[PDB]
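Alright, here's a single protein chain in two forms, structure 1 and structure 2, each given by itself as structure tokens.
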Structure 1
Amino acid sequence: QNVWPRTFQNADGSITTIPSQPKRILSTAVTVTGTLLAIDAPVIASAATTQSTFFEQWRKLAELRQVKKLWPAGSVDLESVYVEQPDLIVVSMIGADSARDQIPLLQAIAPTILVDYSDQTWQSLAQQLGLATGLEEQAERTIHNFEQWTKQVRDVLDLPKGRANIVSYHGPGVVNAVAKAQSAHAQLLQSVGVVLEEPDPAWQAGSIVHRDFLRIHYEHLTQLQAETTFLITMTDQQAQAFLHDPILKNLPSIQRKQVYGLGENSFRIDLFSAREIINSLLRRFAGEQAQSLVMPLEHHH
């Protein structure tokens, strides 16, 4: 019968023994909280962004589930963790929201696990979170339902002819970026039928490398060939700056007026920002097939 206690494999190759199924999960990493919510884990409290907020893709869901907002990233409050009486404490390995250095102190309060969201998809992260929480079946269900959804959406979209690129636009005089072939963004769009133009890895600027984005000198933007451009972290209103950038006036996507914001929450892909992104593709490209496939933040509360 027993699958508790169990031992969780932390992202750094350490381990953490979890004596019983956690029912009071506290997240020290605002980024991880999105995926805890995605699999309906019993999260009772979560740390926040440096700006003391929950990520907007899921904030409303966290508030609805009464997830207590804790400290802003960068100011881990060990005493508030003690107060929450957690039975599982979740820490990220890499990022502003990472409480990795506090693991020894955290482990003194409750079983503390270490996960990495920076180097894998939310889906891969969801599977690991399922093991830590006994929600393996829920993780798979969430992942699979989502996959089936993208298959359904793929069938109803009427995308522009040709290819698209995925750009993070900051304008002239500054490093810009293009989504890489293995990025979560590229995989998501490809899953609903978008055919992508990939960036030249030679364009790499500086020494900071990320899984999702190739960082590049602004001047390389003029070399993009795709007939469509999707803009990271931008609304269509904000996209105007890209459309009206005189240096970019010859881009095929600008010539065709096929430049589209991926939305304010599209920097990082989790279930909820992915949902928003896919919803925007339905509304733009699926016509009156669009609405019935649009997915809410949640339903059947």
Structure 2
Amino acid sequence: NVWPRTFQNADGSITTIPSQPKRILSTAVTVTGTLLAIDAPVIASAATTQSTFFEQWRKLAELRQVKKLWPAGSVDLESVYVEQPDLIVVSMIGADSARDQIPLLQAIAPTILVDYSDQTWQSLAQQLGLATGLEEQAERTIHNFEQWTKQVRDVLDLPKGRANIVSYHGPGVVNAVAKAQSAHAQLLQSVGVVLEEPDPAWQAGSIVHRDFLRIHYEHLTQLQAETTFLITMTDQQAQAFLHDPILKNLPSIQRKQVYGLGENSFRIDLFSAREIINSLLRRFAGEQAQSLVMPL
């Protein structure tokens, strides 16, 4: 395990990490879940704009004494200095991105930049494993999860056809649909779901996103999949989608195959991925469900 080592950042820049990181500070709440997943020594993390940690890993973060820092958008440099980190992690795109603050952060400690929007949680874990010297941990974690998804894939009786994954906000608002490279789409694909891709031409406005295509509301009526999964929703919450009169003729609504992906499914990390797969076992597997549900 060689140190120093060079890390390739998502913007084409490089960062030399002089020594194995032991005090990692995350500036992106999305990335923190994956740092926890590989048991990296993350000692502090910024939060959502609402000053929260994601619920799938909050209790674990508290147990490991991960200090909650600023809500996304407002980097507190004093807090970074006081934590005395030896690696600072930044995301490329998303509400939790501190990309423009990199020069200020790099003055404090080696700062790296990753894009979680177009890779699986496993790929992000591998990338972070290489930055932290935790390749053994990451590889083991990924391998174990993949052994599990194999087993699950073999017992699910999924609806015929394909599924889409939607972030729903109702009429008169820009909504969003998961793209093939998203952590969400790839997670479902891994247990045998066949994914519908939103038409790239439906992009709303000028901002490019690799995770979910942002679209005018009306385009939701054009989705063809027989099944719809809603992020950040329970099944009960998904009822609002099902009863939206504008969407009454959607194949997934006609077949009453609209499901919540789960309360904690907004971002995908090992912890929310487990919850999501557990939900699929409960709904689509028989008395084979329980033999495979993972303890949280």
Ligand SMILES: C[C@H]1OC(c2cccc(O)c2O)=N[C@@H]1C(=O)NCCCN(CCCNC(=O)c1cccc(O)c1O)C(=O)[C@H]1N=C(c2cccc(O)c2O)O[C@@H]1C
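Residue positions are counted from 1 along structure 1's sequence.
- Each structure shows the same chain on its own, and structure 1 is the form deposited without the named molecule.
- Look at the two-part rigid motion between structures 1 and 2: residue 139 and residue 286 go with different halves.
- A rotation of 15° separates the smaller rigid part from the larger between structures 1 and 2 once C-alpha atoms are superposed.
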